[PDB]
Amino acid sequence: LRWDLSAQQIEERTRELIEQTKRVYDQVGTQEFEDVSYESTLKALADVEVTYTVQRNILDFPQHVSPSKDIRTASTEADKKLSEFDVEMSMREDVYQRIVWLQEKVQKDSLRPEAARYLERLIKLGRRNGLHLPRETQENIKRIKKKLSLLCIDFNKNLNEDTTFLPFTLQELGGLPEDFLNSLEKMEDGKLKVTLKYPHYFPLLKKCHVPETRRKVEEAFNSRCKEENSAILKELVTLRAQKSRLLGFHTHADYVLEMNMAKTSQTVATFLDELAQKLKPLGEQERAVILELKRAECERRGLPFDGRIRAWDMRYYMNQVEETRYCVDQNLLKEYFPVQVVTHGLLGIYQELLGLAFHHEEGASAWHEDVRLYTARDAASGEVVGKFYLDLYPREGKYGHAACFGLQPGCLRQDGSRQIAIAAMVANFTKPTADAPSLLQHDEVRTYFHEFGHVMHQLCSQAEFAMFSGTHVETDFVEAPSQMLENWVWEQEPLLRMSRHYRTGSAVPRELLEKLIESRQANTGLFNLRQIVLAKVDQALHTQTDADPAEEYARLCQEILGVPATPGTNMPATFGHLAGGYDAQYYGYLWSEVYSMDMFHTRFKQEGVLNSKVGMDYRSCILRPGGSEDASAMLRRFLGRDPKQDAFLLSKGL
């Protein structure tokens, strides 16, 4: 791939790519019925997607890793132009007509399965865009989409641009680290300025032992843009509902869910309700523990005790539970996880699990000197499967979160030969230095294992059509394979393969490993019940008509979480996911995680966590199809039955 492109070349290549690609769509869009064929219509569009995707990825990737701001800025602009172009092509009624004609002309069952799936998806995407509907319906949909887009931009911008802050004395900030306190904007008043941004909010609620301070900050944070965003949310709900009906669905949720593994809003509601019921007892147990800790602390500090867990007590006491009930010293633990050792052990586990051998391509071209390129080859034949880059250390201008970027999609070229997948994994682990090793927290090891899992999905998939390549699966299933893989960082054998004291070379003591593993369950009951409250609010707003966001959230917090929403607040008005493309899909996080445990326990825990036979079945049944098969079908084959919540519940001790 190309990595030495300047900002100017990016600009030029983008215009050229769009011109060349549009040329193909124009050709397809003007065919006469008589000339419509599999080769001239379906293959034409499938082939151009391959050439386009490759080029598009090269142009929009630099914005996330290039050390050059000019290149990054040009890449961001190219992404905007290409994204706009993608939507423009998706709405082409002329091209859609030829696809519909092809569907008519195509003899039933005469196409290869994946080709038939591709044709059906193209037809479905057009229908979800309303291209088959009457002009008046399409005009109305267009109008509503425009409004919705604007409403979403404001919802997010309002929250992001907010600069609300609360002044507190060093005494009121009791509990927060010293380095934290001096980082605040010291007012002439003498008080320190605490803003509602995450870097300030989370640490304060988890460490500040002054109840009134937590209370004030919680009220403010959960009341941000209350009036404006609640008005916007009411409009989003109504407009989404109308748009969904015009597109043929009874609710927005049902429209959104059609493409998910869950399929319908009823399926999601049943999923969430059953999960909440099963987790209830664990929630009761956890709140009892927290209430006692609060009673004890209030007594100890001479503070009044109201006998109730408040919204502003949650994060604080959950943190206390973790520190005094499970303990586990991350400071000591991290000494056994030097980044170099984790990388080696991690790559070792994946090699063995998938029957692969990773080969470092010394001195390969890259966007930064610290980037390393590897070629994954079949362990017995040595044939190339794919390639992947590792860009693990922080630097100015680089994406600040761990992620997997598909660069070259694994699929078939125009001539029928196979194009290998090429992906890049990004992380931001401190880079080892002279006398300052880079020790990883367990959560970083978890994130590392999770993201590399996506790299393997990208590389091991063998779809023939670019549309189904790699991680292009149902949104509520894409995370399941990686979440299944996270289980490895909670198992002793794999953990030992990824650890070693950075200095003494000693192995992690069994006592420490046991505690670490036990800590996985800390506060899991309340953590999940809260996620359920969020998922249910998301579902209610996109299935009901008169549902009031604040009231729904309050009702659910009391009934499911057991911790009341603070009067006057409106958490839903700050719930960015409702305006970030995840609308009606928040349940997806819980859905993938719950079933990922079924995948893990049913196959890997019974046949051998590091057994290659199971690993090869995982590669074959789950990764190889890419989006060429429905997640439900892949799971049924891998599990031998449909998935259940059982494994998840058992892992919680239920």
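Don't overthink the numbering: it's just position in the shown sequence, from 1.
Remark: stretch with higher mean C-alpha B factor among 127 to 135 and 190 to 198 is 190 to 198. Higher mean CA temperature factor, per the PDB entry, when comparing 45 to 53 with 32 to 40: 32 to 40. When the C-alpha B-factors of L373, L353, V473, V328 are read from the PDB record, the largest value belongs to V328. Of the candidates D435, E464, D538, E486, the deposited coordinates give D435 the top C-alpha B factor.
When the modelled residues of the chain are ordered by C-alpha B-factor, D630 sits in the lowest third.
Split the chain's modelled residues into thirds by C-alpha temperature factor. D26 is in the middle one. Ranked by Cα temperature factor within the chain, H359 sits in the lowest third according to the deposited record.
Annotation for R619: CA B-factor lies in the lowest third of the chain's modelled residues.
When all modelled residues of the chain are sorted by CA temperature factor, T169 is found within the highest third.
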